[PDB]
Amino acid sequence: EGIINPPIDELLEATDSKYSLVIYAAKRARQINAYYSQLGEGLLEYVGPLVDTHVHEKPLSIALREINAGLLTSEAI
Amino acid sequence: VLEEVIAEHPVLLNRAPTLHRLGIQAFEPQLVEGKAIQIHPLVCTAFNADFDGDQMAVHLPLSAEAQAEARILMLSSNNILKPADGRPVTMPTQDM
Amino acid sequence: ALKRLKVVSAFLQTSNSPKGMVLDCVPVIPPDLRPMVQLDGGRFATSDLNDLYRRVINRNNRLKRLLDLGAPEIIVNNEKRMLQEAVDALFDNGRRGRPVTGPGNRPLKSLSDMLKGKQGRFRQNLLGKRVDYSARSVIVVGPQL
Amino acid sequence: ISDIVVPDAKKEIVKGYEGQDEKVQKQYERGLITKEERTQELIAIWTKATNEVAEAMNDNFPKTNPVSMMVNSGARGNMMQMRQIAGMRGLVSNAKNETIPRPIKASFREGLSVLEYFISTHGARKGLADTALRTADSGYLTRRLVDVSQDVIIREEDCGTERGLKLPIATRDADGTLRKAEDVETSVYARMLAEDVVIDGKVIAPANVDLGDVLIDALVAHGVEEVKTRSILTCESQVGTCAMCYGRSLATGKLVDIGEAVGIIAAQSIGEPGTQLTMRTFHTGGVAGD
Amino acid sequence: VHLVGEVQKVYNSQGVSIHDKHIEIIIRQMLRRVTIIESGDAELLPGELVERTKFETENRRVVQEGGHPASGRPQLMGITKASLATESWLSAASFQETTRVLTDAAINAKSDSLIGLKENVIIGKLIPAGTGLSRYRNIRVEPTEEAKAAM
Amino acid sequence: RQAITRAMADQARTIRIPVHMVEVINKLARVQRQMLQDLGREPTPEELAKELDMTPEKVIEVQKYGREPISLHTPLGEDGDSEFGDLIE
Amino acid sequence: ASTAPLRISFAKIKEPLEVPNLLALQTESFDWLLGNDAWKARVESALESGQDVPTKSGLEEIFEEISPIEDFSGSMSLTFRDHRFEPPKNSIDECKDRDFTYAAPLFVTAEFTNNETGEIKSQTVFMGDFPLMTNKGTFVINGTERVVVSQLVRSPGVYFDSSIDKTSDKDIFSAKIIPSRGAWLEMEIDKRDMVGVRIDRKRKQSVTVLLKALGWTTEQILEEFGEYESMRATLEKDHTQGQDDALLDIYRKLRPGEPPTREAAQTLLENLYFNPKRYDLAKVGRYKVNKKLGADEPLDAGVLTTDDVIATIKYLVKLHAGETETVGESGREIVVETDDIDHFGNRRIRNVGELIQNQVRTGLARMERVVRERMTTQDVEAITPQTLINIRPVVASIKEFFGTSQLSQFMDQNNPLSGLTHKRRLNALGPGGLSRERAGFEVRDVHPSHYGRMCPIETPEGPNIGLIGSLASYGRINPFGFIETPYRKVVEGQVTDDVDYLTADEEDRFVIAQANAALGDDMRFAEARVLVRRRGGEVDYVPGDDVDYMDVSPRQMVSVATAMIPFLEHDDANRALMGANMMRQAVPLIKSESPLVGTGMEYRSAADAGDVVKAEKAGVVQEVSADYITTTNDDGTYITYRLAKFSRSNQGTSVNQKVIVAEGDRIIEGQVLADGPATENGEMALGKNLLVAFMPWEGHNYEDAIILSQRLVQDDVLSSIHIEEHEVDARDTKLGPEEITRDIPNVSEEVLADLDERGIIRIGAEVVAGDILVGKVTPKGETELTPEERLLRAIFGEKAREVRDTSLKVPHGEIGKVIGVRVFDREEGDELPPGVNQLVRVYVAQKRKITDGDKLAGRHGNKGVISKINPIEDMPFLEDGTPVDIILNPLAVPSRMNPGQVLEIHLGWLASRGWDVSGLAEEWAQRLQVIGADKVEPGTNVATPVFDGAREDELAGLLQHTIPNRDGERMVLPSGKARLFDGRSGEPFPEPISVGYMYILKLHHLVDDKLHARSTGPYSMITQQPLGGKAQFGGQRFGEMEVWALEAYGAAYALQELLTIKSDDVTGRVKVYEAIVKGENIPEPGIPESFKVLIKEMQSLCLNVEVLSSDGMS
Amino acid sequence: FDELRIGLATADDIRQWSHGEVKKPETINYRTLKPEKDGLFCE
Ligand SMILES: [Mg+2]
Ligand SMILES: [Zn+2]
C-alpha cells in the first residue's frame, strides 16, 4: 500500500541492472498513460494495463506491477 | 482530491548544504496539518538535519522517468549505507 | 622559441585566419538580452551594455564626422584612441586602467563580466538554476512516519 | 544538578597543585628560573593535573546516572565534554595560539569566574571563525575535486586484466601469531582479487569476488601476508574504467552498475568531511616552519 | 601509495573513514599526463603537457612509420591544473578560469565532443552516466504473448 | 559652450532628450533651486507654474521627463549575486 | 524607591557604581554634534567638576574649520560665525504617520568682507533641514526609524610593526603614519639591509633623499643620526647629494613623464603632507602621535611637520637597533616597542556625531569647491551671501548618508532588547573601515583589552563574527573616541569609594583587581592572595598592598543582552553567544510576564529603552485609559501621555502598550506609567515561564525538538499579534489615470461585498488569501480580442471601459483582520510623489497562536522547532495532577555544555513554590538570611546576577525547604527531580524526572513566514528561469551541488527535467502544463534558454560559436 | 549536437549575423516610449 509495495529486489533479479529497470518501467508507464489518453481511438501499439487496476492509479505503479509479475519482457535493438 | 492525488507520487526532499550523495532523497508524501514538513528521525543524520531550525526544499519529479528514478534510485529506504565508507548512515543515535 | 611557436601552430594548422585579431565590425547583443524595462513610478532599468554600446556609437560617429571634414592628425588620433578604449571597455571593463564607472559608485558591467566569476552565466544560470514545482519549509520530526 | 557530580578528590588535588604552584612561584620571585621555563613546567604540571582529575571523574561516575548512560552508549556526547562539565576545564589557548599558564580550575557545574570565562571566550570565538572558514574551504575543495574527477564513469563490465595492486593484509604481527591490518575496512574491503590465492595447493578465495569479513579472516588465519587486489589504478580499459577493477559499490553493497558516476561519488565523499575535520595546530612552540 | 597513505593518515587522525578507491580515482586523474622530451621525431613541440593516450597513440604511429619514439616523463599536477587542461572547453570555461580558456579555444579553433557531464548539463541533454547511457535508452518494451492471450 | 551643451543634450542621457526640452528642464531646475534657496523650502508646483507662466500639468510633465535610469546591475546589499535585475519579472 | 517592581536578589556583593544610561552612546554624541542645551550644561558641569571635556561643539567646530577663504588676489572672505536651530515644523508622530523626515532647520550667520572696498555683508543663510535624533536615540527619516551605529576604526597615528621573513632569515621592522583624512607614509627598515620610505607606495626610494629634500642638510644628519649602522650605510651609499638633486629626483620618481621643477616639487611636498586642508590630522591623531613619539606640548591640531618625520625615523632606528627605552626626541624618557593594531587602545569608534560631522564636512567641501568656481566667474559688487553659496551639496550629502549606507541601519523593533543592542552595536564595517573581505583572524578575535569595553560573548555568528560587537554595560567613550571603563581606586590596600574611568592605555600601566575578591569588615582585602590582571592580559596574582584599581562590578565584561542570561558562568561561551544573539529575536506576546528567575538588570534594560512611557515630571495620576494617561504634576501643569495601541513595528510585530498605574496613585520622575511591547511592570519580558521536564518522549523531542501542552494554545500563553502593512497607489500612466473604484470588472458581486463606496475594505472586515482589499483598475491596454472571445463578448456583453483588474489582493496564505486604512489624495492637501494621483495603505493584524514548526528558545542557546502540541491529558503530570507545559530532550545539554539552564530550572521551581529559611544555622542559610532571600512568598520573582548568582548549596538547601503545596507534602525531591506520571499509559515513570520552570522565548522564525510553495508563477526577464523569493512566488534554487548529487545517483532524466522542463524553456513549460492538465504524457525537453543566451553573449565577443549536428551546422 | 565549435569571428561573420547597422546611439523615444529607428533597440 505504498511506493515500496513492489519489492525492489525481485525487480533487480528480474532485470539484472538498475538503470535498465527504471527506464523499462518508465517506458511501460508511458505506454499505459498513452493508452489511457487514447479517447477511444483504438491504437494497436498501445497495450493497456495487463494487471488489475483500481478506479484511479498512477501508470507507473501499474508498470512496476507488470514488471514484478514477470508477464512482460523487453529486448535491446 | 489532493489526498487522492499525492499517493504513489514521490517527492525529492533536499537540505541546502548537500555535502554528499544522500542530500537528495525521495519520499512518499502524506498530507499533514500545520505548515512544517514532517521528516523521519531515522533519516535526519543522512541530511545532517537538526530540528533547531532547518528549512528543507521539496522538488516534484514530474514525468514518468523522473518519478521512476525517484522510486527506484532515490528512495530513502534504499539508501541505508553511506557511500563514503559503506557504513550504515540511517541509524541516528540521539534517543533510539 | 617554444611558446610563440605553439600559437603560430594554432594559426597554421586550423582554418581560422588571423583577420580576427583586429576587428572592423562590432556585434551587438539582441535587445531583449540588454533590456530597458519600465519601472513603476515612471522609472527605467537599463543594462550597462546599453551605455557601453551607446558610447561606442557616439565615438564612432564623432570619428566619422572628423574624417568627413579636414581635421588635424592629433585630433583624429585622439578620437581613434577614444574609440579603441570604448571598444575595449565594451569587451572588458577594467582590464586596462581605471574601469568605466558611470554614476560614480561601481564599475560598469561589460560583455566579459557576465561570462566570468560567481555572477557569470556559466555558474549562476547554467549549472544552478531556479526550478518550478518546488517548495521550502521548516522540518519537524515525525516518528509515526 | 545532582546528576552532574564533581569528584570529591578534585578539591584536595587542586589544593595540592596550588600548594606546589605557590612554591614554584615564590621560587621564581628570586629570579632563579626564567619565565619561559616556569611557563613550560606550569603548563606541563597543569596538563598532568587535568588528566589526573579526568581519571578521578572517570572513577567517580556510576553506570546508572543518565549522563554516563548517554556518553557510554554512543548516544550523544564525548568524554572530554564530561571532563570539562564535571571536572575542571583544563588548559585553554590564548589569542594568537599560545596557552595561559594559569588553567581554568572551575567546572561548568561550579561555574567559571570572570577572567576564566574571558579566556574561554578567547578560544570559543576562534573556533567559530575557524569552522566558518573551514566549511568555506571544504566547499571550494569539493568543487575542485568534482570538476577534476568527473567524466570518470564505469563504462565496461570487465577487463581482461590480471594486474593489480599489492596491498598489505596482515601486519604488526607479534611472536608466534598473526594479526590482520587495522584499517583493512577502507583499504582491502569492497575490492576484488585479480587472481586466485593458494598456500597449500588449494584455493582459499576465487578470483573476481568482493572481499568481506569471513574471507579476510580465512586469509589471515591460513597465513597470507599480502594480497594482490584488483584496483582502479591498474585498470586498462578502452573506455573509462570497468566495474570489476573498481570493485563493488559502497553505497549499495553490490557490484557497481555500468554507468554509475564513480568520480563524482569519490569527489563528494572526499570533500564531505572537510568541515568535519576541525583541525588546527595547537601551538607553534615559538618556532615557525618546524 | 604515498598520496593515498598521506591523505588517509590526515583523515584518520580525526576518525573519519573514507575508502581508498575514492582517493585512487582522483590520483589516477592526477597522473594522466606526461611531459615530453627529445620529441624531434614525433613531429610536435617538446616540453609540454601531453595526455597519456595521445602520447601512446603517437608512439604507435611513429614506430609504424619506422621512426624512433620520443621520451616522456610522467607528470604529477594539481587538481586545478588537471581540470583546466581538458579537451572540452565548456568544462574548462565553467571552472575557475573563464576568459583565458575561451581565448585559447578561439585561437586553437578546438571543437569539443559533447561527452562528459558538465557540458551536457550546460546544453540540456542527458548526462552520459546512469540512465542516460546509450545502452540503456535503446531498449524496446512490449508485452509478452501469454499476457495478451490472458486478456 | 554651444557645442558642449548641444552634445550634452544629445549624448549624456541614455533616453535622448531634444535640445529645447533639455533647456526647458534645466531652466525649470535652476528656477526651482533659486526658489528653494530664497523661500528656504521646497516650492509648490503651482507657484512654479505661475512663475514659469506654464500650466501645472506641463510642469509636472517636465518633472516626469527629467529623470535618469537606474542600472540593472546594482547590488542590493551584503549579497553580491542577487542582482536588481533578478527581482523584476 | 518604587521605580521598580519587587525582585528578590541573590547577589552577595554590593554595587558601588550603578549601570550608566544605556542610551548615552547615541544621545550624548548627537547632543555634542548639535551643541544644544544639554551638551553645554554637560560641558559646564564637567568644567566645574574638573573633568576634561571639549568646550567646542560639533557644528561650530566644523563651521570654524572652514576658514575665511581668499581668491587669487586675496580680496574676499566669508565667515560662518554662529549656528542656530529652530523647532521642527512637524511633530514626531506627524513625521512617522505622514512619511516625513524628523528634522529641524539649520541657520548660520555668514558675513562677506571685501578688503579692497572695506565692505562687510553679514547675513543669515539657511543651510538645510538637519535631521534630529529623538530622545529614544533614533532617526525618523522617511517615516522609518533608523539607528546610526558606532564604527570601529583604526586610530590615526604612528604604528610600528616587526615581522620575520623566511628568505631573509632576519627581522624586518616597519613604521606607518596613518592620518584621519590625508595620505599615508611608510618606513621599512632593512628589506635588504637598507631602510626605505613608501610615499603611497609609488616608486622605489630611500630615506636619505627624503631628509635631504627637507630643510636638514647632510652634515646635520651625519652629526645627529650617526649612532646607527644601517642608516650610516644608506647615507654613505647615497650617490646623490644636495637638497636640489634630492628634490628633483624625488619629484621625477613620484611623477614621471615631466621635467622636475623647484616650485612644482615644493608645492607637491607642501600639499601632500603639510597642507592644512588635504592632511587634516585629527585631534586624536595628533594626541596619539605626540603620546607615542613623546612630543612634549606640540600644536593641538595640525599637519605633520618635519620634526615628526625625524622623530619617527629615530624611533624606528632605535627599535631596530635593539634598545627598548630612550629619551624622546624633543621629549622625555619614554619606552620604545612595537604595537599591534588590534589593541583596543589603538581602536577608536566613530560615534553618530563624528559620522554625521564627516558627512557634513564632505558636503561643505563640495560647497567650497562650488563657491570657488562661482567666484572665479563672477564680478565684485554683485556678490551676496544668499547667492554665491549653495546648500544643495550639504543636504545631498546628509540625505545620501542617512539612506543607502552601511552605517545608518533600519532599526529592528522585535523587542526592547533588540533595540538596545542595535543602539549599542559597534560595527567594524562600513565606509572608511575594515570590510569583511579585508577581515582576518587577528582582528576578529577577543583581545585582552576588550574587558569592560566590548563584550566578548555576543556578536553576530554569521559571516561577520567578531567584527560587530556590543558595548559593555559600564563602558564610556572618550571625547577622542576611545572606550573607557570604570575602576575603583585602591590606596594603601584599602578600596576607597573613588571611581576613575580608564581607557585601554592607562589600564595596562596599572594592575587591576577583581570584583569577586572578598573584603573584610573594613575596606582592606581580607585575603592576601588576590586574582588580578596586568599588562598584556597576564592573570598572575599579587599579594598584599600592591593593587591600585578594582573592578566596579562582575557585570563589567558582559553587554546588556548577555547580562540578561541567568547562570551565565555555567553555560558554555558558544551557547552564551547563541543565547545572547537569539534573545533579540523574541517576539512580544499578547500579555507578557517578567521572568520568574532572571538577572536584576531587566528593569534597567527595559526602562532605558524608550518605548516604556516614563514620567517627565512627578505628580499624581488624574485619568487613566487604554489610549492615554493624564497626570497633574505638583507644580500645577496637566500632562497627557498617549500610548501606541496595536501599531506596526519595523518587523511586523505590534507595539501595544499596556497600563500599570491606577486612577490616583502618586508618581515620581522616571516612574513607569505604561508598559511597552514585551515588558511587564516596566521590567523586560521576552517570553513565558513554563513547567519543564527533561525526558525523551516518544521521539517528538528528538534533535532538541519541542513538545508542549495545548494549555499554551487554549490559555493564550504563546501567541502574538502580527500586523502587516501593504499598500498600492493609483498613478497617472501614459494611457490614463488609475482609479480606486468599487466597480471591478469580470468579478462576482459577493467578492466585492465588503468594499466601501470608493473601493476600500472596511475596518474590522475579516479577510483571507486572494480577497479584494482595495479596488484598483488600470485605464486600458492594447486590445486584440480573438474571434472566439469576440463571439463570447457578444453573448455575455462586456464593460464599455475595458479596464484591467490590477487591484491589490491579499498574498497567498495570509489571514487577518483589517485594522486600518490610510488614504493620501493629491486633490487634498496631502503631499504625494510625482506621477501618482492617490495612495492607500491597509494594515492586517492576525493573532497567531503557537503551532508546528514555530521556533522557540531559552536564554542559554537552547532552541528547537515544535514537533507536536500535545493534549493536556497526554502531558506527563506531577503528584498533584499538574501537567508539565513543555518537554525537553536531556540529550542536548551535556553535549552542548550549558548546564546552566538546568540550574535556572531548579531556581525557577524554587521561585514558584516559595521557601522558608529561618534559624537553620547553616552556611547557605546564613548567607541567604544576611542577603535577604530567606523568606520568599510563592510566585515572587528572584534575581541571580550574571556572575553573583545563587550557589550550588543554596539551590540544594532551598529545594530541601520548599514550602508544601497541599496535604503538607513537598513535591520535588532534594535531588531536584520529581516522581512524574504518564499521561498516555498512566503508569508512573520509573525514575524521577527533573522538573521546574524555564523561561522560554518565542522567536521570529515563524512557520507562517518560512513556508512557501510554487508550481508556476512569475518568471525572470533577462533569462526565462523563475525568479526568487517568498513574496513574489518564486522557485527554490537547484544549485550545483544538487546537480552533483543527482549525477551521483545517475538519474539523467530527473536532472534533465529539473534543468530544462521545470525552468529555462519558453515552450517546454507551457507544453508540459498542457500535458499535465490534459492527462497525456510529458513532452520531450527542448533546449534551455540560458544556453542560448550564453551563445548570444559569446557571439558578441567576436567568437564564432556555432552548434554542429552530425550532418552539419545546427 | 554532435559537437560545439568556437573560433575567431571575422568581419564577414559579424556582418552575416547582423540584420542591419546600428547607426544611432538613441535607444527609445522619450515621449512615445517607442524604440527609435535605425539605432539601438530598433524594430
Ligand atoms: Mg541546523
Ligand atoms: Zn578494469
# chains A, B, ... in the order shown; residues from 1 in each chain; ligands from 1
>>> residues_around(residues="segment 220-237 of chain D", least_positions_apart="6", cutoff="9 Å", atoms="only C-alpha atoms", output="PyMOL selection string")
(chain D and resi 155-156+158-171+178-180+188+191-195+197+199+204+208+244-247) or (chain E and resi 21+24-25+27-28)
>>> residues_around(residues="segment 96-102 of chain C", least_positions_apart="6", cutoff="12 Å", atoms="only C-alpha atoms", output="list in words")
residues 47, 48, 49, 50, 51, 52, 55, 84, 85, 86, 87, 88, 89, 90, 108, 109, 110 and 113 of chain C; 12, 13, 14, 68, 69, 70, 71, 73 and 74 of chain F
>>> interface_residues(of="chain D", to="chain A", cutoff="9 Å", atoms="only C-alpha atoms", output="PyMOL selection string")
chain D and resi 257-259
>>> atom_distance(atom1="atom CA of residue 1080 of chain G", atom2="atom CA of residue 144 of chain E")
24.7 Å
>>> closest_residue(among="D:151, D:55, D:210, D:272", to="chain E", atoms="only C-alpha atoms")
D:151
>>> select_by_dssp(residues="chain A", states="helix (DSSP H, G or I)", output="VMD selection string")
chain A and resid 8 to 15 19 to 36 59 to 69
>>> write_last_selection(atoms="N, CA and C atoms", output="short mmCIF file (atom, residue, chain, number, x, y, z; two decimals), in the first residue's frame")
data_model
loop_
_atom_site.label_atom_id
_atom_site.label_comp_id
_atom_site.auth_asym_id
_atom_site.auth_seq_id
_atom_site.Cartn_x
_atom_site.Cartn_y
_atom_site.Cartn_z
N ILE A 8 11.70 -4.42 -4.38
CA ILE A 8 12.64 -3.98 -5.40
C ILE A 8 13.68 -5.05 -5.74
N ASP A 9 13.99 -5.95 -4.80
CA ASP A 9 14.97 -7.00 -5.06
C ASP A 9 14.47 -7.96 -6.13
N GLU A 10 13.16 -8.23 -6.15
CA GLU A 10 12.58 -9.02 -7.23
C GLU A 10 12.73 -8.33 -8.58
N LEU A 11 12.55 -7.01 -8.62
CA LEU A 11 12.73 -6.28 -9.86
C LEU A 11 14.18 -6.34 -10.34
N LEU A 12 15.13 -6.20 -9.42
CA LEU A 12 16.54 -6.32 -9.80
C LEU A 12 16.89 -7.72 -10.28
N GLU A 13 16.37 -8.76 -9.62
CA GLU A 13 16.70 -10.11 -10.08
C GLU A 13 15.97 -10.47 -11.37
N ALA A 14 14.88 -9.77 -11.69
CA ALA A 14 14.21 -9.94 -12.98
C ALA A 14 14.76 -9.02 -14.06
N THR A 15 15.63 -8.07 -13.72
CA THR A 15 16.20 -7.15 -14.69
C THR A 15 17.71 -7.28 -14.85
N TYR A 19 19.46 0.72 -13.83
CA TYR A 19 19.07 1.74 -14.79
C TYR A 19 18.18 1.15 -15.89
N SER A 20 18.47 -0.09 -16.29
CA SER A 20 17.59 -0.79 -17.22
C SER A 20 16.19 -0.92 -16.64
N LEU A 21 16.09 -1.25 -15.35
CA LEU A 21 14.79 -1.41 -14.71
C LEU A 21 14.01 -0.10 -14.69
N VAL A 22 14.68 1.01 -14.37
CA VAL A 22 13.96 2.27 -14.24
C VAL A 22 13.51 2.78 -15.61
N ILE A 23 14.36 2.67 -16.64
CA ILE A 23 13.91 3.13 -17.95
C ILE A 23 12.87 2.18 -18.53
N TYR A 24 12.96 0.89 -18.19
CA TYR A 24 11.98 -0.11 -18.59
C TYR A 24 10.60 0.21 -18.03
N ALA A 25 10.53 0.45 -16.72
CA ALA A 25 9.28 0.82 -16.09
C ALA A 25 8.77 2.17 -16.58
N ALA A 26 9.68 3.11 -16.88
CA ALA A 26 9.26 4.41 -17.40
C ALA A 26 8.62 4.28 -18.78
N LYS A 27 9.21 3.47 -19.66
CA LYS A 27 8.62 3.24 -20.97
C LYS A 27 7.26 2.57 -20.86
N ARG A 28 7.13 1.58 -19.98
CA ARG A 28 5.84 0.92 -19.82
C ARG A 28 4.80 1.88 -19.23
N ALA A 29 5.20 2.74 -18.30
CA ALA A 29 4.28 3.72 -17.74
C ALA A 29 3.84 4.72 -18.81
N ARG A 30 4.76 5.12 -19.69
CA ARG A 30 4.39 6.00 -20.80
C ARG A 30 3.39 5.32 -21.73
N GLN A 31 3.60 4.03 -22.01
CA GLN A 31 2.65 3.31 -22.86
C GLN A 31 1.27 3.23 -22.21
N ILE A 32 1.21 2.95 -20.91
CA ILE A 32 -0.08 2.85 -20.22
C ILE A 32 -0.77 4.21 -20.18
N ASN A 33 -0.02 5.28 -19.90
CA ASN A 33 -0.62 6.61 -19.86
C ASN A 33 -1.08 7.06 -21.24
N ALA A 34 -0.36 6.66 -22.30
CA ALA A 34 -0.83 6.95 -23.65
C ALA A 34 -2.09 6.17 -23.97
N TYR A 35 -2.19 4.93 -23.48
CA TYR A 35 -3.41 4.15 -23.67
C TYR A 35 -4.60 4.80 -22.98
N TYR A 36 -4.40 5.32 -21.76
CA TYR A 36 -5.49 5.97 -21.05
C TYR A 36 -5.96 7.24 -21.75
N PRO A 59 0.06 5.32 -13.66
CA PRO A 59 0.53 4.31 -14.62
C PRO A 59 1.85 3.68 -14.23
N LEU A 60 2.66 4.36 -13.42
CA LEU A 60 3.96 3.82 -13.06
C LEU A 60 3.84 2.69 -12.04
N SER A 61 2.88 2.79 -11.12
CA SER A 61 2.63 1.69 -10.20
C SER A 61 2.17 0.45 -10.95
N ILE A 62 1.30 0.63 -11.94
CA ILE A 62 0.87 -0.48 -12.79
C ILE A 62 2.06 -1.05 -13.55
N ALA A 63 2.93 -0.17 -14.07
CA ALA A 63 4.10 -0.63 -14.81
C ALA A 63 5.01 -1.49 -13.95
N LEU A 64 5.31 -1.03 -12.73
CA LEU A 64 6.11 -1.84 -11.82
C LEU A 64 5.42 -3.13 -11.43
N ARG A 65 4.09 -3.13 -11.32
CA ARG A 65 3.38 -4.37 -11.01
C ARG A 65 3.52 -5.39 -12.14
N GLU A 66 3.42 -4.94 -13.40
CA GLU A 66 3.63 -5.86 -14.51
C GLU A 66 5.08 -6.32 -14.62
N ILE A 67 6.05 -5.46 -14.30
CA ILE A 67 7.44 -5.90 -14.29
C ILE A 67 7.67 -6.95 -13.21
N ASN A 68 7.10 -6.73 -12.02
CA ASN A 68 7.27 -7.68 -10.92
C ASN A 68 6.58 -9.01 -11.21
N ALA A 69 5.41 -8.97 -11.84
CA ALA A 69 4.67 -10.19 -12.13
C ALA A 69 5.37 -11.07 -13.16
#
>>> residues_around(residues="segment 75-92 of chain B", least_positions_apart="4", cutoff="6 Å", atoms="only C-alpha atoms", output="list in words")
residues 25, 26, 42, 43 and 71 of chain B; 250, 251 and 269 of chain D; 18 and 19 of chain E
>>> write_last_selection(atoms="N, CA and C atoms", output="tab-separated table (two decimals), in the first residue's frame")
chain	number	residue	atom	x	y	z
B	25	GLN	N	16.78	12.98	-1.32
B	25	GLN	CA	16.17	11.67	-1.13
B	25	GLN	C	14.70	11.72	-1.47
B	26	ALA	N	14.19	10.66	-2.09
B	26	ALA	CA	12.80	10.59	-2.49
B	26	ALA	C	11.95	9.98	-1.38
B	42	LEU	N	14.75	8.73	11.52
B	42	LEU	CA	15.71	7.70	11.15
B	42	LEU	C	16.57	8.09	9.95
B	43	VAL	N	16.20	9.16	9.25
B	43	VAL	CA	16.93	9.61	8.07
B	43	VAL	C	17.61	10.96	8.30
B	71	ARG	N	11.52	6.68	-7.37
B	71	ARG	CA	11.06	5.48	-6.68
B	71	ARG	C	12.13	4.40	-6.62
D	250	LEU	N	30.03	0.96	-2.58
D	250	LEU	CA	29.87	1.01	-1.14
D	250	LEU	C	28.52	1.58	-0.71
D	251	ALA	N	27.82	2.26	-1.62
D	251	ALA	CA	26.50	2.80	-1.29
D	251	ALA	C	25.45	1.70	-1.24
D	269	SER	N	32.61	12.20	-1.59
D	269	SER	CA	33.00	11.50	-0.37
D	269	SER	C	34.29	12.06	0.21
E	18	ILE	N	37.30	6.93	5.05
E	18	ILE	CA	36.98	7.02	3.63
E	18	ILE	C	37.72	5.90	2.92
E	19	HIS	N	37.02	5.17	2.06
E	19	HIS	CA	37.64	4.06	1.35
E	19	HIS	C	38.72	4.56	0.41
>>> closest_atom_pairs(of="chain C", to="ligand 1", cutoff="12 Å", atoms="only C-alpha atoms and all ligand atoms", output="JSON lines")
{"residue": "C:138", "atom": "CA", "partner": "ligand 1", "partner_atom_place_in_ligand_line": "1 (Mg)", "distance": 10.4}
{"residue": "C:139", "atom": "CA", "partner": "ligand 1", "partner_atom_place_in_ligand_line": "1 (Mg)", "distance": 10.1}
{"residue": "C:140", "atom": "CA", "partner": "ligand 1", "partner_atom_place_in_ligand_line": "1 (Mg)", "distance": 11.7}
>>> write_last_selection(atoms="N, CA and C atoms", output="compact mmCIF listing (two decimals), in the first residue's frame")
# COMPACT_ATOMS: atom_id res chain seq x y z
N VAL C 138 10.16 24.59 6.99
CA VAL C 138 10.91 24.06 8.12
C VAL C 138 10.50 22.61 8.37
N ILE C 139 11.40 21.84 8.97
CA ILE C 139 11.17 20.42 9.21
C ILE C 139 10.87 20.20 10.68
N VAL C 140 9.99 19.24 10.95
CA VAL C 140 9.73 18.74 12.29
C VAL C 140 9.84 17.23 12.25
>>> closest_atom_pairs(of="chain D", to="chain B", cutoff="8 Å", atoms="only C-alpha atoms", output="JSON lines")
{"residue": "D:74", "atom": "CA", "partner": "B:93", "partner_atom": "CA", "distance": 7.2}
{"residue": "D:75", "atom": "CA", "partner": "B:94", "partner_atom": "CA", "distance": 5.0}
{"residue": "D:76", "atom": "CA", "partner": "B:94", "partner_atom": "CA", "distance": 5.6}
{"residue": "D:186", "atom": "CA", "partner": "B:85", "partner_atom": "CA", "distance": 6.9}
{"residue": "D:249", "atom": "CA", "partner": "B:83", "partner_atom": "CA", "distance": 7.7}
{"residue": "D:250", "atom": "CA", "partner": "B:86", "partner_atom": "CA", "distance": 4.5}
{"residue": "D:251", "atom": "CA", "partner": "B:83", "partner_atom": "CA", "distance": 4.0}
{"residue": "D:252", "atom": "CA", "partner": "B:81", "partner_atom": "CA", "distance": 6.6}
{"residue": "D:253", "atom": "CA", "partner": "B:86", "partner_atom": "CA", "distance": 7.1}
{"residue": "D:265", "atom": "CA", "partner": "B:21", "partner_atom": "CA", "distance": 7.0}
{"residue": "D:266", "atom": "CA", "partner": "B:84", "partner_atom": "CA", "distance": 7.6}
{"residue": "D:268", "atom": "CA", "partner": "B:20", "partner_atom": "CA", "distance": 5.3}
{"residue": "D:269", "atom": "CA", "partner": "B:84", "partner_atom": "CA", "distance": 4.8}
{"residue": "D:270", "atom": "CA", "partner": "B:84", "partner_atom": "CA", "distance": 7.7}
{"residue": "D:271", "atom": "CA", "partner": "B:19", "partner_atom": "CA", "distance": 7.6}
{"residue": "D:272", "atom": "CA", "partner": "B:19", "partner_atom": "CA", "distance": 5.2}
>>> interface_residues(of="chain F", to="chain H", cutoff="8 Å", atoms="only C-alpha atoms", output="PyMOL selection string")
chain F and resi 11+14-17+65
>>> write_last_selection(atoms="N, CA, C and O atoms", output="PDB file, in the first residue's frame")
ATOM      1  N   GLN F  11      23.787  63.481 -26.022  1.00  0.00           N
ATOM      2  CA  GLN F  11      24.591  62.297 -25.739  1.00  0.00           C
ATOM      3  C   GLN F  11      24.677  61.901 -24.272  1.00  0.00           C
ATOM      4  O   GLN F  11      24.979  60.734 -23.998  1.00  0.00           O
ATOM      5  N   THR F  14      20.765  58.531 -21.604  1.00  0.00           N
ATOM      6  CA  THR F  14      20.563  57.305 -22.369  1.00  0.00           C
ATOM      7  C   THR F  14      19.288  57.384 -23.201  1.00  0.00           C
ATOM      8  O   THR F  14      19.292  57.061 -24.394  1.00  0.00           O
ATOM      9  N   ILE F  15      18.189  57.812 -22.589  1.00  0.00           N
ATOM     10  CA  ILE F  15      16.976  58.164 -23.319  1.00  0.00           C
ATOM     11  C   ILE F  15      17.156  59.599 -23.799  1.00  0.00           C
ATOM     12  O   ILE F  15      17.124  60.536 -22.999  1.00  0.00           O
ATOM     13  N   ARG F  16      17.356  59.769 -25.103  1.00  0.00           N
ATOM     14  CA  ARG F  16      17.753  61.066 -25.633  1.00  0.00           C
ATOM     15  C   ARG F  16      16.618  62.076 -25.532  1.00  0.00           C
ATOM     16  O   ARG F  16      15.450  61.756 -25.766  1.00  0.00           O
ATOM     17  N   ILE F  17      16.977  63.306 -25.183  1.00  0.00           N
ATOM     18  CA  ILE F  17      16.034  64.397 -24.987  1.00  0.00           C
ATOM     19  C   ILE F  17      16.395  65.493 -25.981  1.00  0.00           C
ATOM     20  O   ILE F  17      17.577  65.811 -26.127  1.00  0.00           O
ATOM     21  N   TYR F  65       9.614  63.989 -17.067  1.00  0.00           N
ATOM     22  CA  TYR F  65      10.607  63.746 -18.111  1.00  0.00           C
ATOM     23  C   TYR F  65      12.037  63.958 -17.638  1.00  0.00           C
ATOM     24  O   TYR F  65      12.965  63.494 -18.308  1.00  0.00           O
TER      25      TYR F  65
END
>>> interface_residues(of="chain B", to="chain C", cutoff="7 Å", atoms="only C-alpha atoms", output="list in words")
residues 36, 37, 38, 39, 40, 41, 51, 53, 54, 55, 56, 57, 58, 59 and 60 of chain B
>>> atom_distance(atom1="atom CA of residue 640 of chain G", atom2="atom CA of residue 615 of chain G")
10.0 Å
